Each structure stands twice: as structure tokens, then as C-alpha cells.
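Asker: I'd like to ask some things about the structure below.
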Amino acid sequence: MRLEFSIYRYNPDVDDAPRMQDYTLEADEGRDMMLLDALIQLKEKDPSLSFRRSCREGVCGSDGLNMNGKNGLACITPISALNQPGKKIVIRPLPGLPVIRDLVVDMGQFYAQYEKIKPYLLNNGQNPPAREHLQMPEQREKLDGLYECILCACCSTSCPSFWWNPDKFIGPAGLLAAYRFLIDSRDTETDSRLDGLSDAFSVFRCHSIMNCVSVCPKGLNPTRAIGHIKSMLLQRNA
Amino acid sequence: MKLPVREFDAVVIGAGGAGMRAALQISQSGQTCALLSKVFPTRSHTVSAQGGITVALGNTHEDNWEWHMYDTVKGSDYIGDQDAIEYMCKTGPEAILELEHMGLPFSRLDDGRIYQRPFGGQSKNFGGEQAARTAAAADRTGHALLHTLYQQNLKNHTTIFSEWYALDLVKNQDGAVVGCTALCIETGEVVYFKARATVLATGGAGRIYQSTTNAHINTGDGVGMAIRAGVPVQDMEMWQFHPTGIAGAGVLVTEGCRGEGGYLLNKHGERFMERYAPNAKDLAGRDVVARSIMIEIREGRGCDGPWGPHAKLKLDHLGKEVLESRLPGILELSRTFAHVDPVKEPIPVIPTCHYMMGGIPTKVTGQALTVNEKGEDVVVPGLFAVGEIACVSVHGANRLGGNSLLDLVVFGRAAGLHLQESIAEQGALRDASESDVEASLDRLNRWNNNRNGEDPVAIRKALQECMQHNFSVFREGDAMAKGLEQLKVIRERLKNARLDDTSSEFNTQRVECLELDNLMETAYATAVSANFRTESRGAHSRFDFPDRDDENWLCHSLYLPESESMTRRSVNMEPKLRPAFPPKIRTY
Amino acid sequence: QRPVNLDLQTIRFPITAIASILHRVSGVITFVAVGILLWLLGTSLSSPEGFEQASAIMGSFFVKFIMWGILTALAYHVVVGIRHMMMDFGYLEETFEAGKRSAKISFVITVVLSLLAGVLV
Amino acid sequence: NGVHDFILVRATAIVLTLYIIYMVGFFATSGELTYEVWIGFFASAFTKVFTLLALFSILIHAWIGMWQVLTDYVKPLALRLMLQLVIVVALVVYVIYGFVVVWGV
Ligand SMILES: *Cc1cc2c(cc1C)nc1c(=O)[nH]c(=O)nc-1n2C[C@H](O)[C@H](O)[C@H](O)COP(=O)(O)OP(=O)(O)OC[C@H]1O[C@@H](n2cnc3c(N)ncnc32)[C@H](O)[C@@H]1O
Ligand code: HEM
Ligand SMILES: O=C([O-])[C@H](O)C=C([O-])O
Ligand code: SF4
Ligand code: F3S
Ligand code: FES
Ligand code: NA
């Protein structure tokens with residue numbers, strides 16, 4: 001059984017601007033594969049096809065793509081969920097980011113905003129614990145839903161506010177992370193962190209569009225996290 | 001010099017668990033340090049680790065680091081170096097608590113301390129009752145660990161050269177390693193990273209097999225590079241097949257499944273692990289569980305279905321609540337790749353190639369070793385290794401669950417803790433000449449020039465097929481001597497293999513071809529070694545020599561890359577703080 | 008210098024996203040509407056005869072349509088803004104389900120008011 | 011700062027909601043729209059105050075709102091400043107014209 005694809009191609013040494021390209025793949029009728037499987041096969045037929053991938057099990061965040069108009073990971077999107085009678089499967093780079101080559105985007109700003117919220121524990125060393133910091137299951141639960149993020153960039157690159165100000169608005173990804181250290185009971189700089197997010201762009205460009213939630217391959221919920229951050233900001237500056 | 005030179009005190013090749021820890025530590029000890037990685041650091045295989053870190057924290061029950069030292073030595077089937085294993089187990093607790101202070105989001109006991117789960121090969125009192133010493137964050141521990149180390153490398157402003165692919169080591173006219181050449185993936189630029197210390201930290205090589213739990217990027221790049229630089233590799237025949245990979249998919253489900261109370265059933269619904277290992281049962285040493293499952297299959301007691309031949313791993317009896325909290329990760333993996341909900345039905349599993357016990361022989365300090373013509377160890381100046389690419393050796397012929405991550409942190413840290421002394425000890429190294437740097441690019445120049453040669457796609461598939469059939473869980477003289485012949489043939493094809501993407505901007509073909517050379521060197525040394533060891537020990541299982549032979553084989557095997565011949569190395573049996581554990585019979 | 012994929016036509020927009028781009032649009036419209044409304048109000052209060060003329064201006068079908076749209080934009084901005092504020096005070100859940108469900112209930116309440124605005128014209 | 015904006019927008023919106031409820035009220039319960047019932051409703055102190063209160067609300071609410079829109083879409087500094095000038099002047103005009111219309115009836 002045949003599958004057809006329309007895939008984004010661009011090579012700055014060869015192409016004038018980016019272009020779509022048709023691809024066919026003789027696929028095994030009985031079994032169902034994953035988009036990443038297809039991609040990998042297409043590369044044996046066309047070696048010049050560039051795209052990132054590693055864990056192939058949805059954990060690493062390497063292969064975020066816009067598939068049939070929506071962001072996701074190639075390694076865990078089944079061909080069956082994209083394929084429709086008489087349409088090509090359309091595959092294009094995550095939106096908003098510089099295209100380096102074919103399906104590979106420059107994740108620079110994505111990381112830059114991540115670095116901006118200071119994503120590491122900050123503990124002022126007072127009252128040091130004997131061994132590990134003691135954290136009750138009650139407190140530890142508050143990281144559940146936040147620490148699991150794989151930095152794949154699906155959410156941020158599907159957020160309009162991020163498109164328009166990719167260097168002032170932190171982005172769903174970033175703010176999820178920010179909250180992950182705002183409520184870690186072991187972090188002692190909550191106040192200091194919040195004073196860094198009080199301006200007009202870092203958090204407040206978020207308009208509750210909720211694209212972030214729908215695209216997250218790890219089913220996280222940046223919208224909610226952002227909401228908690230606003231609460232903290234009101235609690236503190238109002 | 002007609003190639004850009006970037007000089008550092010240390011160039012760490014690899015930003016996985018061990019690479020990031022060592023970088024972090026080298027940096028904080030005042031030296032400058034470049035950290036190279038072919039993927040963005042948090043996409044390293046380490047992210048995929050699930051079970052946890054094994055370490056005598058003594059949180060779930062009073063524990064003792066010697067108990068852990070015991071389990072490891074026995075687990076290694078008595079070819080783990082006991083001085084190193086002692087350093088590891090003894091240092092462990094403190095070295096892990098360090099990570100918690102870095103913010104690693106461990107799970108928690110009711111009283112607030114770090115959660116530890118039972119895991120394969122864990123006993124109190126030197127072989128007594130079942131222990132629970134694997135520290136975890138659900139079954140995403142590797143994810144938790146890697147990201148924390150990344151964050152810490154951010155906080156600490158480490159120089160990270162993300163998405164540079166290391167081509168080959170550079171040797172000076174004295175034969176000392178003085179850095180490496182590396183290809184920038186984004187732009188295509190090629191650079192010489194000049195260092196007084198080159199730390200290989202490139203992880204494993206499961207991709208030499210047809211089915212592996214490993215990421216696509218685990219192509220034993222370090223092994224290739226070491227061999228090509230004339231540096232020996234050790235115990236390469238020791239490949240750990242994890243008992244429970246998802247059948248037909250190869251994606252791993254954690255041993256934490258059996259640690260939390262799951263067990264293995266065969267087609268007859270019998271829990272066959274009680275027969276094969278009466279004491280530890282489903283938490284026996286991995287090599288043993290792996291063979292058990294294969295015997296069941298190989299005498300028609302396995303199951304079948306869409307997934308193919310397999311054993312059933314039953315978890316449903318642990319309940320939704322426990323499963324969703326302690327093992328959510330495998331819940332998703334099982335539903336995705338097996339279309340099986342573990343809350344309702346058992347997971348179809350089969351042993352899958354998982355971890356490379358072999359690697360570059362090193363001291364506890366991280367310094368890489370070679371032997372002189374008289375068989376004696378000498379340090380390779382300017383070259384170090386940590387992590388899976390290393391063979392310290394703390395795992396000998398079978399690694400314990402949760403011991404790998406411990407290894408990464410302990411020995412990564414140790415490499416940095418001891419780098420300054422290692423550099424003074426080796427003395428100033430003579431400069432690489434311009435033809436010294438040239439030589440490193442030989443391999444890459446080949447591919448760039450070869451348009452009309454053989455299809456590398458075909459070569460790779462042939463290679464993995466050969467290792468799968470001839471060097472899997474069970475081995476025999478005939479299989480392995482034939483396998484090896486096919487490899488020589490495959491390796492000839494490769495010297496004539498063609499690069500079909502000529503381009504320079506983010507050209508992933510060039511990378512995967514360069515990766516293929518490494519798959520080859522690794523697969524090859526594994527084959528030569530498995531032929532060489534005429535006994536059965538730990539993971540290595542030969543029908544034609546079914547016995548462990550402590551008279552002739554209580555030692556390490558060493559592949560000499562220039563003569564392509566084999567030799568041995570002593571196993572260390574002199575710990576410092578307790579007496580050795582003598583080799584006795586190993587059953588679970 | 009480098010190209011980016013931002014071809015809006017090639018991207019799925021969920022209902023929550025549409026709801027919101029409409030809310031922004033409806034606000035910008037309402038901003039222009041106030042000036043138009045004010046001028047009308049000023050006419051209808053300046054004299055008995057200005058009012059008569061304002062009554063006449065409202066008689067035109069073309070004006071009645073513009074007026075209804077203006078009032079439909081305001082209705083929409085108001086309703087969806089309350090929805091937004093209800094999430095801001097925790098009355099509405101921030102799950103993607105509850106987002107879609109409230110967005111739809113907004114559209115219905117808006118159509119209802121849009122008709123009542125039609126009648127009132 | 012941004013916290014301030016967030017609150018002002020939402021506060022004004024609560025005032026404006028009540029005003030719309032008030033105005034919708036009158037309309038949907040006054041049948042015959044005679045010049046006389048019209049001017050009497052709009053001569054009442056309660057109607058005068060609420061409307062100026064509402065105009066100030068629009069001055070603030072709409073200005074923040076428009077500023078957000080502009081700083082999303084209009085990059086070049088000069089052009090954006092110009093548009094903000096026009097917008098603010100327009101908004102001030104609204105309140106002043108409101109003051110001319112009602113304090114005149
Ligand atoms: C495969 C696997 C292993 C595993 C596990 C789960 C999976 C799916 N879960 C484990 C667990 O719960 N507990 C445990 O003790 N072990 C577990 N394992 C084993 C363990 O995770 C691994 O052995 C461990 O991750 C080893 O880490 P290491 O730092 O040694 O290797 P790495 O994490 O894969 O990182 C490799 C880095 O090297 C870079 N690289 C490789 N080649 C190059 C070249 N050519 N040039 C430049 N960089 C290179 C990679 O980019 C990567 O950063
Ligand atoms: C009648 C005069 C009004 C004008 C001229 C006006 C104009 C605007 C504008 C231009 C915006 C910017 C939208 C954006 O940031 O995308 C806005 C935002 C907003 N409006 Fe209004 N509006 C008016 C009345 C109201 C009323 C009565 C409400 C009742 C809730 C309201 C609720 C909101 C809310 C909650 C926001 C911000 C939500 C967000 O930032 O996403 N508005 N308004
Ligand atoms: O089973 C695991 O979670 C993991 O596979 C553990 C080790 O040790 O590698
Ligand atoms: S929050 Fe989810 S969608 Fe966003 S970066 Fe993380 S895994 Fe990706
Ligand atoms: S998708 Fe974007 S607008 Fe906010 S709720 Fe979301 S980050
Ligand atoms: S390959 Fe790692 S998540 Fe897709
Ligand atoms: Na190893």
C-alpha cells in the first residue's frame with residue numbers, strides 16, 4: 001500500500017527559497033508504523049533529507065515537527081493518525097524558528113528564553129540539611145507535571161505570542177520551567193525570581209490561547225503553570 | 001596550521017551523564033574546558049534511563065556500602081576490578097546526595113528522604129535478604145538526572161559546543177593524545193580542538209545490533225576513535241542484554257517493573273523465574289534472567305502474537321494507583337509500542353541489547369591505559385574516558401541495574417577531581433604537527449571523495465544482522481568464526497562505501513556515515529573478543545565452552561588494535577578498606 | 008539570511024485560538040466604534056432637531072447593518088472577556104477540554120445577543 | 011510594569027460591564043424612543059456620572075489594549091510611536107467630547 005508525503009525542503013547552498021517536495025513510500029499494508037520510521041526510510045531513498053532524531057521513544061525531544069498542520073514528535077505519531085484518503089501527509093519545520101536546513105530548526109531563542117528564567121535550584125545554604133534536603137511527598141507532588149518536560153519546543157513554537165516576541169515573551173516551555181523552580185520547596189529565591197518576571201512581556205504576553213496544552217507530547221499544561229505564576233505575581237506586587 | 005585551532009585545558013567529548021559531571025567538575029577546579037556533543041546535551045541517551053541509581057543511601061532500610069560492593073562483585077561474575085568497585089560503592093552515597101542538592105527531583109519516602117526501590121541483584125548482609133537501594137524519580141530517573149546536570153552546566157557557564165561531531169583523536173609525534181578534530185554539524189566547518197586532556201565520554205553502541213534499547217545515536221564513536229588511534233579496548237565481548245525490552249519494538253521497560261513486584265510468566269502461565277533462580281527470583285542478575293527467558297522461548301514455552309516470540313511480564317496486580325505513580329513512564333511506553341495497557345494486561349517482553357560492559361581501559365582517575373610489548377599497563381598521555389565508553393572496570397561481565405548512572409556520576413566526578421594531578425603527572429606534551437592534524441581527517445576525506453562506491457545503508461543492515469544472529473545472548477564456536485568472516489567482508493565493503501550528500505549545511509548523511517565506521521570498529525572488536533574467550537561468564541555464554549573457567553579466564557580480555565590480536569589483563573582483587581571477595585560459584 | 012516557517016495557512020488553529028484572535032479583533036473594532044457611537048450620541052442631544060436627524064440616520068438600512076455589527080463585536084468582546092476573567096479568578100478550569108467547552112458556550116451566548124441586538128435595531 | 015497593566019485592564023472591564031448592563035437595561039425596557047424620554051434619562055445625574063466614569067475607563071482599558079496590539083505587530087519604533095500618539099489623542103478626545111456633550115445637557 002502506497003503512502004504519499006509533501007515535505008519541506010531547504011538548502012541555503014542550493015535553494016532560492018524553501019519548497020515542498022513529493023515523496024512516495026511503499027508501506028507494509030498490515031503493520032502500522034511511526035512517522036519517524038517513514039522519515040528514516042525516505043532517507044535511504046533520498047540521502048539528502050535532513051531531520052533530527054534520537055531516542056525514537058518520545059523522551060528526548062529531538063524530532064518536533066509540524067505534521068498535518070499541528071506540532072508533535074515523529075517517533076510517536078503513528079502513520080495511521082496522519083494518513084487520509086487522497087491527501088498527502090504534510091511535514092514542515094516547527095513554526096516561528098529559523099530554518100537551518102530541511103526539517104531542522106535553529107532552537108537558539110527557545111533555549112535562550114529557557115536560560116533567562118534561571119532554570120537551576122537556588123538554595124542560599126542556610127539551615128543545610130544533614131543529608132538530602134527533606135521534601136515531603138506532599139511538596140514533591142508539586143513538581144509533577146512540570147519536571148517531565150523534554151524541551152522539544154512543540155508548545156512554544158505553536159504559540160502566537162512567542163512568534164511575535166520570541167525574545168521578550170518567555171514562552172510556554174520557559175514559563176513551565178520557571179514555575180518548576182518557583183514551587184520547588186528546596187529553592188529559596190522565589191521572591192527574587194518573581195521580581196524578574198514582573199515586566200510587561202515575560203509572563204503577561206500569554207493570552208490563554210491554549211495551543212501549548214494541545215500540542216505537548218508529554219501532556220503537560222503550561223497554561224495552568226502560567227496561571228500559577230500570575231497568581232504569585234499579584235500576590236506579591238499588588 | 002591551515003585549520004582553525006581552539007585550545008582548552010580539557011576537551012570533554014560527550015555531554016551525557018558522565019560527560020556533564022566531569023565538565024562541571026573540571027570547570028569548578030579552575031581549568032578551562034570545552035564540552036562537545038553531537039546532539040544537544042539533553043538528548044543524550046542518559047535521558048532515556050528509567051530505573052534509578054543504585055547506592056547505599058540506607059533510606060528504605062539500613063544499608064551498608066560493602067553489601068552493595070558484594071552484590072556488584074558477584075554480579076560482575078568476579079571480573080570486576082574490586083578496588084574500583086569499592087571506590088564506587090563507598091563514594092556513591094555522598095556523590096548522589098550531591099545531585100539532590102543540585103535539585104534533582106527524586107521521589108520521596110513519607111518522612112522526606114529520597115525514595116529507593118528494590119532492583120535486580122540487591123541483597124542485605126552479603127547475599128542475604130532482598131534489598132531496596134535504587135534511588136529514583138518515578139521511572140524517569142535518567143531524564144531527571146540529565147536535565148539537572150544540564151541546568152548545573154548552565155548555572156556554571158560551561159562552554160558547550162552543541163552539535164559538533166568528533167571525527168578522530170590527534171596524536172603528537174610522541175604518541176600522546178593532544179585533542180581531536182571535530183565537524184560542526186550546522187555549518188560544516190572542521191576544527192582542531194587542542195587540549196592537554198581529551199576526555200572521551202561518548203556512551204554505548206547498542207546500535208551494532210538489529211534490536212537494541214539504545215538511541216539511534218549510540219554508535220560507539222568512542223570505540224572507533226580509540227581503536228583508530230591505536231588504543232586497546234577491553235572485555236568487548238561483554239554485552240548486557242536487558243531481560244525486558246518490548247517485543248518487536250526494542251524500547252525498554254524498566255527492571256523497576258520487577259522491583260515493584262511484577263514477575264515473568266511463560267505461555268503456560270507459570271512463573272518460571274522461581275525455578276531458574278530460587279532465591280532472587282525475578283530479581284536475579286540480568287544475564288541470568290535474559291537466558292532464562294530465552295530457554296523458555298527456545299523450547300516452545302514462550303508466547304506469540306503481533307509482537308512475535310516473547311515472555312509475559314505481569315504488573316496488573318500492583319494496581320492503577322501504584323502503577324501511575326511509581327512507573328508512569330512505562331505505562332506510556334507500553335501503550336505506545338506494544339498497544340498494551342499494563343494496568344489490565346501483561347507486557348510482551350524479550351531480552352534486548354542494552355549496555356556495553358566493555359570499553360576503553362581506565363584507572364579510577366579516568367586516565368586511559370594501554371599495554372607495552374611486555375604486557376604491562378602504561379597510561380596513554382592526554383587521553384581519558386568516563387561513563388559507558390569506559391571499562392574501569394566496575395561491571396566485569398554483568399552490570400547491576402542502577403549501577404550505570406552511579407558510575408557516570410562517581411567516575412565523571414573523579415576524572416575531574418583528579419585532572420589537575422593527572423596533567424602534572426603526564427608532563428607537558430609536545431605539539432601536534434600539521435600533518436598530525438591532517439591524519440585525523442583521513443577518514444572524513446575518504447567519504448567526501450567517494451561518490452561511486454557502495455551503499456552504506458546495505459552495509460549497516462548486514463552488519464547488525466551479523467551481530468544479532470552470531471553474537472546474541474547464546475554463542476557458539478562455529479557461529480562466531482563465521483560471523484567474524486562476514487565482518488571482514490562487510491568491513492571491506494565499507495572502505496569503498498559512498499557519501500551521497502555532498503552538502504555542508506546540516507548534512508546528516510555525512511554524520512551517519514562517519515558513525516557507520518564506528519559501528520564497524522566496535523562490532524569487529526566485539527567479535528574478535530567473543531571468539532577469543534573460551535568459557536562462559538556473566539553475559540558471555542558459549543555452548544561449546546559452557547563452564548566458567550577461573551583457572552584461565554579470571555581476567556580481562558584486551559583487543560590490540562594494531563596487530564588485531566587478543567591478550568589478557570589482570571582483574572584487581574585488592575580493595576583498600578575490606579578484604580577481597582574470593583571468586584566462588586555464582587547462582588541466584 | 009535565514010528563512011522561517013510561519014505560513015499561517017499551513018497551521019491548524021484550535022477553537023480556543025480562534026476565539027482569542029476574534030477577541031483581539033473585536034476589541035480593536037470596539038475602539039473605533041466608540042468614536043462613531045459618540046458622534047451619534049452628540050448629535051442626538053444637541054437639539055430637538057439634531058435628534059430627529061439622528062433618528063433618520065438610524066433609519067438607513069446600511070447604517071442599521073453597521074450598527075448591528077458594532078453591537079455584535081461589543082457583545083463578543085464583552086462575553087469572551089468575562090470568560091477570560093473567569094479563568095483569571097479560577098472559576099473556569101485551565102484544561103484544554105474546559106477551554107474548548109467554554110469557548111463554544113461563549114459563541115452561543117454571543118449569537119443569542121447578536122440576535123437580540125438585531126431586534127433592538 | 012505588567013502586573014499593574016493586568017489589574018487595570020481587568021478593573022476597568024468590571025466597571026464597563028456594569029455600565030453596559032445599565033445601558034442595555036434602559037434600552038430593552040423603554041419602548042417608544044421619544045426625544046423626551048431620551049433627554050430625561052441623559053439629564054439625570056446618575057446617567058451623567060456613570061458615563062463619564064465609563065469614558066475614563068475606556069481611556070485606560072483601551073489604551074492598554076491598543077498598546078498590546080501595537081507592540082505585537084508594529085516593529086519600527088518611529089511608526090509605532092506615531093500610532094500610539096494618534097490613539098492616545100483619540101482617547102483623550104473621547105473623554106473631553108463626552109464632557110462637552112453631557113455637561114451640556
Ligand atoms: C539505553 C538505556 C540505558 C539505560 C537506561 C535506559 C536506556 C533506554 N536506564 C538506566 C537506569 O535507570 N539506570 C542505570 O544505571 N542505567 C540505565 N541505562 C544505562 C545508562 O543510562 C547509560 O549507560 C548512561 O546513560 C551512560 O551515560 P554516558 O554519559 O556514558 O553516555 P550517553 O548518556 O549516551 O552520552 C553520550 C554523549 O556522547 C556524545 N557523542 C557520542 N559520540 C560523539 C561524537 N562522535 N562526537 C561528539 N559527541 C559524541 C553524544 O552526543 C552524547 O552527548
Ligand atoms: C467598550 C470599550 C472597550 C474597548 C474599546 C476595548 C478594547 C480592548 C482592546 C483593544 C484590547 C486588547 C486585546 C488584546 O490584548 O488582544 C482589550 C482587551 C481586553 N478586554 Fe476590552 N475593550 C472594551 C470593553 C471591554 C469590556 C466591557 C470587557 C469586559 C470583560 C473587556 C474585556 C477585556 C479583557 C479581559 C482584555 C484583556 C484580555 C487579554 O489580554 O487577552 N473589554 N480590550
Ligand atoms: O531497567 C531499568 O530501568 C534500567 O535499564 C536500569 C539499568 O541499570 O540499566
Ligand atoms: S512543555 Fe511539553 S510541548 Fe513544551 S517543551 Fe516541554 S515537552 Fe515540549
Ligand atoms: S499557547 Fe501561547 S498564549 Fe499562553 S496559554 Fe499558551 S503560551
Ligand atoms: S526521537 Fe527522541 S522524542 Fe522523537
Ligand atoms: Na563500558
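Residue numbers (the entry's author numbering), protein chains in the order written: chain B, 1 to 238; chain A, 1 to 588; chain C, 8 to 128; chain D, 11 to 115.
Each residue gets a CB set at the ideal place from its N, CA and C atoms; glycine is no exception.
Indicate whether the contact test is met: 3 or more Cβ pairs, each with one atom in the segment 153 to 161 of chain A and one in the segment 208 to 215 of chain B, closer than 8 Å.
Answerer: At 8 Å Cβ cutoff, the stretches do not touch.
Asker: State the CB to CB distance for the pair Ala497/A and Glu454/A, rounded to an integer number of angstroms; the pair is presumed to be in contact (CB under 8 Å).
Answerer: As a position in the second sequence, residue 497/A is number 497, starting the count at 1. As a position in the second sequence, residue 454/A is number 454, starting the count at 1. That pair is a contact at about 5 Å.
Asker: Which partner residues of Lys312/A appear in the DSSP bridge assignment?
Answerer: In the second sequence, the residue the question calls residue 312/A occupies position 312. According to DSSP, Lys312/A bridges with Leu265/A, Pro348/A.
Asker: Would you check if there are 3 or more beta carbon pairs closer than 8 Å linking the segment 394 to 408 of chain A to the segment 238 to 250 of chain A?
Answerer: yes
Asker: Starting from the N-terminal end, write out each residue whose C-beta falls within a distance shorter than 6 Å of any non-hydrogen atom of ligand 4.
Answerer: Cβ-based neighbours of ligand 4 within the cut-off: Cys149/B, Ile150/B, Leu151/B, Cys152/B, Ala153/B, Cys154/B, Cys155/B, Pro172/B, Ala173/B, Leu176/B, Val215/B, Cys216/B, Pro217/B, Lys218/B, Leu220/B, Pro222/B.
Asker: Less than 8 Å between the CB of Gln41/B and some heavy atom of ligand 2, yes or no?
Answerer: Position 41 of the first sequence, counted from the start, is the residue given in the question as residue 41/B. No, the Cβ of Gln41/B stays beyond 8 Å of every heavy atom of ligand 2.
Asker: Can you check which of these residues, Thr32/A, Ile85/A, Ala10/A, is closest to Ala580/A by C-alpha distance?
Answerer: The residue you call residue 580/A lines up with position 580 of the second sequence. That would be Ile85/A, whose Cα lies nearest to the Cα of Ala580/A.
Asker: Please state whether DSSP places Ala40/C in a helix, a strand or coil.
Answerer: The sequence position of residue 40/C within the third sequence is 33, counting from 1. In this structure, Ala40/C counts as helix in the three-state DSSP scheme.
Asker: Taking the DSSP output, what are the residues bridged to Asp22/B?
Answerer: On the first sequence, residue 22/B is found 22 positions in, with the first residue counted as 1. Beta-bridge pairing links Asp22/B to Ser6/B.
Asker: Would you identify the three-state DSSP class for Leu200/A, choosing helix, strand or coil?
Answerer: Residue 200/A sits at position 200 when you count from the first residue of the second sequence. Strand.
Asker: Going along the chain, which residues of the segment 41 to 75 of chain D sit with their C-beta nearer than 8 Å to a C-beta in chain B?
Answerer: Here the close residues number zero.
Asker: Out of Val104/B, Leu220/B, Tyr120/B, which has the shortest C-alpha to C-alpha gap to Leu99/A?
Answerer: Translated into positions along the second sequence, residue 99/A becomes position 99. Checking every option, the nearest Cα to that of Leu99/A belongs to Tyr120/B.
Asker: Is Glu485/A helix, strand or coil by DSSP?
Answerer: As a first step, residue 485/A must be located in the second sequence, where it is residue number 485. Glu485/A carries a helical assignment under DSSP once its states are collapsed to helix, strand and coil.
Asker: Taking all protein chains shown into account, decide if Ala135/A is buried (16 or more other Cβ within 10 angstroms of its Cβ) or exposed.
Answerer: Within the second sequence, numbered from 1, the residue matching residue 135/A stands at position 135. Buried, by the Cβ-count rule.
Asker: List in chain order the residues whose CB is within less than 6 Å of at least one heavy atom of ligand 7.
Answerer: Listed along the chain, these residues meet the criterion: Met356/A, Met357/A, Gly358/A, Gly359/A, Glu388/A, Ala390/A, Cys391/A.
Asker: In whole angstroms, what separates the C-alpha of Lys85/D from that of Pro361/A?
Answerer: Reading the fourth sequence from its first residue, position 75 is the one you call residue 85/D. Reading the second sequence from its first residue, position 361 is the one you call residue 361/A. When rounded, the distance between both Cα atoms is 58 Å.
Asker: So if I threshold CB-CB distances at 7 Å, which residues from the segment 81 to 98 of chain D count as touching chain C?
Answerer: none
Asker: Can you name the start and end residues of the beta strand (DSSP E) that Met566/A belongs to?
Answerer: The residue given as residue 566/A occupies position 566 in the second sequence. Start and end: 565 to 570.
Asker: If you count every other CB in all the chains shown that lies within 10 Å of the CB of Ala280/A, and 16 or more means buried, which is it?
Answerer: Here the question's residue 280/A lines up with position 280 in the second sequence. Buried, since its Cβ has 16 or more Cβ neighbours within 10 Å.
Asker: Under a Cβ-count criterion, where at least 16 other Cβ atoms within 10 Å of its own Cβ denotes burial, should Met1/B be classed as buried or exposed?
Answerer: The sequence position of residue 1/B within the first sequence is 1, counting from 1. Label assigned to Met1/B: exposed.
Asker: For the segment 413 to 428 of chain A and the segment 25 to 45 of chain A, state whether three or more C-beta atom pairs, one from each stretch, are separated by less than 8 Å.
Answerer: yes
Asker: What three-state label does DSSP hand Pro55/C in the structure shown?
Answerer: The residue you call residue 55/C lines up with position 48 of the third sequence. Helix, per DSSP.
Asker: Could you tell me whether any non-hydrogen atom of ligand 1 is closer than 8 Å to the CB of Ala135/A?
Answerer: Within the second sequence, the letter at position 135 stands for residue 135/A. No; taking the cut-off as 8 Å, the Cβ of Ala135/A has no heavy atom of ligand 1 nearer than that.
Asker: Any beta-carbon of chain A closer than 9 Å to the one on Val215/B?
Answerer: On the first sequence, residue 215/B is found 215 positions in, with the first residue counted as 1. Not one chain A Cβ lies under 9 Å of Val215/B.
Asker: Taking the continuous beta strand (DSSP E) assigned at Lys87/B, which residues delimit it?
Answerer: The sequence position of residue 87/B within the first sequence is 87, counting from 1. Neither: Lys87/B is in no beta strand (DSSP E) and is coded neither H nor E.
Asker: Please list, in chain order, the chain B residues whose beta carbon lies closer than 9 Å to that of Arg108/C.
Answerer: Locating residue 108/C in the third sequence gives position 101, counting from the first residue. Correct list: empty, because the minimum Cβ distance to chain B is about 12 Å.
Asker: Where does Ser334/A sit, in a helix, a strand or coil, going by DSSP?
Answerer: Sequence index remark: in the second sequence, residue 334/A carries index 334 (1-based). Secondary structure at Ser334/A: helix, using DSSP grouped into helix, strand and coil.
Asker: Would you say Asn123/B reaches chain A, if we count a Cβ-Cβ gap shorter than 9 Å as a contact?
Answerer: Looking up residue 123/B in the first sequence gives position 123. Closer than 9 Å: yes.
Asker: Take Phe201/B as the anchor and find which of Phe181/B, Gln41/B, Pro172/B has the nearest alpha-carbon.
Answerer: Mapped onto the first sequence, residue 201/B falls at position 201. Cα-wise, what sits closest to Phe201/B is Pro172/B.
Asker: Count the C-beta pairs between the segment 96 to 114 of chain B and the segment 3 to 22 of chain A that are closer than 8 Å, then say yes if the count reaches three, no if not.
Answerer: Inter-segment contact for the segment 96 to 114 of chain B and the segment 3 to 22 of chain A is absent: fewer than three beta-carbon pairs are separated by less than 8 Å.
Asker: Can you give me the Cβ contacts of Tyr114/B inside the same chain, cut-off strictly under 8 Å, excluding the 5 residues immediately before and after it?
Answerer: What you label residue 114/B is simply residue 114 of the first sequence in a count that begins at 1. The answer, listed in chain order, is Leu151, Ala173, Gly174, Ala177.
Asker: Just checking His207/B against ligand 5 - is the residue's beta carbon closer than 8 Å to any of the ligand's heavy atoms?
Answerer: Counted from its first residue, the first sequence places residue 207/B at position 207. Result yes, Cβ under 8 Å from ligand 5.
Asker: For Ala23/D, which residues in chain C fall below 7 Å Cβ to Cβ?
Answerer: Numbered from 1 along the fourth sequence, position 13 holds the residue referred to as residue 23/D. Near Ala23/D (Cβ distances below 7 Å), the residues of chain C are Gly88, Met92.
Asker: For the putative contact between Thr370/A and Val378/A, defined by C-beta atoms under 8 Å, what is the C-beta separation to the nearest angstrom?
Answerer: As a working note, residue 370/A is residue 370 in the second sequence. As a working note, residue 378/A is residue 378 in the second sequence. At roughly 6 Å, the Cβ-Cβ gap stays under 8 Å, so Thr370/A and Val378/A are in contact.
Asker: DSSP puts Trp307/A in a beta bridge; with which residues?
Answerer: As a first step, residue 307/A must be located in the second sequence, where it is residue number 307. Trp307/A pairs with nothing; no bridge assigned.
Asker: CA-CA distance, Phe543/A and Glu465/A?
Answerer: Within the second sequence, the letter at position 543 stands for residue 543/A. Within the second sequence, the letter at position 465 stands for residue 465/A. For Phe543/A and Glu465/A, the distance between alpha carbons rounds to 21 Å.
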